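Below is one structure; the comments refer to it alone.
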Amino acid sequence: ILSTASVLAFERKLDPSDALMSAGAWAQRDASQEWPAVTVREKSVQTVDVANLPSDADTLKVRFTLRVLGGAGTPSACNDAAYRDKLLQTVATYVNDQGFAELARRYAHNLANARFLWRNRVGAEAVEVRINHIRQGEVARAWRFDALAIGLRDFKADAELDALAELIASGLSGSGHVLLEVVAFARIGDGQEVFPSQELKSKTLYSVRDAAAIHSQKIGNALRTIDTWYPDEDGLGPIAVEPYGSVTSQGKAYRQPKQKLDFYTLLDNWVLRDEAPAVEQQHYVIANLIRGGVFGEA
Amino acid sequence: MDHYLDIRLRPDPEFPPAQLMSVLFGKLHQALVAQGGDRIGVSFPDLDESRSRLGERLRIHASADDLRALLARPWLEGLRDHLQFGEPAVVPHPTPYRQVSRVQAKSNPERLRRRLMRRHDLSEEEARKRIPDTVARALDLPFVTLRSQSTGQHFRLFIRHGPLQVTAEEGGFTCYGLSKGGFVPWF
């Protein structure tokens, strides 16, 4: 009958690191290896935590590394072996029909525009993102973009962006070890406010060692803003890939299960009863398998 | 000022509209201190007085050269993905005219106490005797939140759309675009 399995556990592919934020000055961005860190200090208003650039610094250096694993369809825990073979053949059929070429282009775009700079981008006058593919420890291929030219809404083809998409495609296919180093510089202002991640004295800011930072799941959520295939109204752009793809800040739940456009009914239709959806919806469910999680009933 | 330009916040999965409105208002303010003068007026067309919400629209009131200058100047850098625009065009008529003014409230008794101590050489207890805690007034008005660059504070800037009037009068505007005498068409 091929019922769905009870437990499925998909490991996180596209593993990012914690985005350490340091500061410095513009027009010396190639000297950015010994820049001082942006510390989190307390300021009494109550007691809040706030973090600013120093009074002689006008740009923010957010740095993190991103490791792309590959083997997107293979679950790491499952009961029904027949479901495992059917899911493996389904993802194999998908990647054989078309490799990770649209998904890697959208991930390369979300790396290209500095959407991982969450609030530090919206008041910036100039953002530049440097991506270094690191193999064997030194460099393999260096990139350099203008993140403000590549807008957050559109996906536009390019020469170097398709090269980056080919690298991430080679990673996700299981055909080559890829480790990136993602550094971003953003002209915010002299001594302006930066916005690290917010720790649960009502307000506390995240810091790994006396230096502010963004959570890894925040960067992972910013990298997953590729979903343009939901029922689109109100002129909203791409959202983060999620089963019942929802926006908490908007309070709205697109891809509701009343319609047949959520992750779970689409996956049950694609695997069990062999009803293949369109190319964008199977793009979406493979993006959900790349995001990872626990899927399956009790 | 017979020309206008509407700016509407695009919906964003990352941000609430109030945050985007506040950073837009700060960048408009920085653009006006970069520009100079008192000829730039602002408004909020989708206002909600009952729920104290600014809405999702902002509208600038100026001459057409100011609109075409401010539509390409780098104060809109980094927000063109957050914002959708109209075209610099002439306002409709007939329209009532109202003022958009910054209202301030004596919201902290202790700061006015320290001012009275600075200006009358009293102690803390004489300042607490002369100024009680009932003095603190809270406004039931919508507001933007703004980061000062001269001093380092973050303060709520409370706005008031004035009474509708059948005619407009002369005057200037502050560097926030708010009325220190000027009037705007309300449509």
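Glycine also receives a Cβ, built like all others from the backbone with ideal geometry; neighbour counts cover every protein chain displayed. We did not get these values from a lab; they are worked out from the coordinates using the rules stated.
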Cα-based Rg and Dmax for the range B:80-179, where Dmax is the largest Cα-Cα distance (Å): 19.7, 59
Within a Gaussian network of chain B (alpha carbon springs, distance under 10 Å), most fluctuating of B:158, B:44, B:15: B:15
Pairwise label distance in nanometres, residue A:26 with residue B:117, each label 7 Å out on the Cα-Cβ vector: 4.3
Residue A:249 versus residue A:173: modelled label distance in nm, points set 7 Å from Cα along the beta carbon direction: 3.5
Gyration tensor (alpha-carbon) shape descriptor, the range A:96-173, a/c threshold 1.5: oblate
Debye intensity ratio I(q)/I(0), log10, chain B, q values 0.18, 0.19 Å⁻¹ (C-alpha model): -1.23, -1.34
Eligible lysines near residue A:201 by straight Cα distance, threshold 20 Å, same-chain separation 8 or greater: A:43
Cross-link partners of residue A:13 among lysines (Cα-Cα below 23 Å; sequence separation of 8 or more within a chain): A:86, A:218
Kirkwood Rh and Cα Rg combined as Rg/Rh, the range A:258-298: 0.95
Three-way shape call for the range A:141-276 based on the alpha-carbon gyration tensor, with the a/c threshold at 1.5: oblate
D_trans [Stokes-Einstein, Kirkwood Rh over alpha-carbon pairs] for the range A:1-105, 37 °C, 0.692 mPa s, µm² s⁻¹: 177
Proximal charge balance of residue A:179 [Cβ under 11 Å; K/R count +1, D/E count -1]: 0
With 10 Å bins from 0: P(r) over the protein assembly as shown, alpha-carbon pairs, percent: 4, 16, 23, 23, 18, 10, 5, 1, 0
Stokes-Einstein D (µm²/s) once Rh is taken as the Kirkwood radius of the range B:5-97 over alpha-carbon pairs, at 25 °C in 0.890 mPa s: 174
Histogram of C-alpha separations across the range A:176-250, 5 Å bin width, %: 3, 10, 15, 18, 17, 17, 13, 6, 2, 0
The range A:175-191 residues near the modelled residue B:34 label - backbone nitrogen below 17 Å, point 7 Å along Cα→Cβ: A:186-191
Relative packing of peptides A:121-130, A:260-269, A:136-145 - highest average C-beta neighbours within 10 Å first: A:121-130, A:260-269, A:136-145
Cβ-derived FRET efficiency at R0 25 Å, residue A:135 paired with residue A:209, nearest 0.05: 0.35
Inter-site label distance for residue A:157 and residue B:65 at 7 Å from Cα along Cβ, in nm: 4.5
Pair-distance profile P(r), taking every C-alpha pair of the range B:1-59, with 5 angstrom steps and integer %: 4, 15, 24, 25, 17, 10, 4, 0
Sparse-neighbour loop sites [GluC sites (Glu not before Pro); the range B:48-82; at most 13 other C-beta within 10 Å; DSSP]: B:49
Long-range HN-HN contacts of residue B:79 with modeled amide H, under 5 Å: none
Estimated FRET transfer efficiency (residue A:265, residue A:77; beta-carbon r; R0 25 Å; 0.05): 0.70
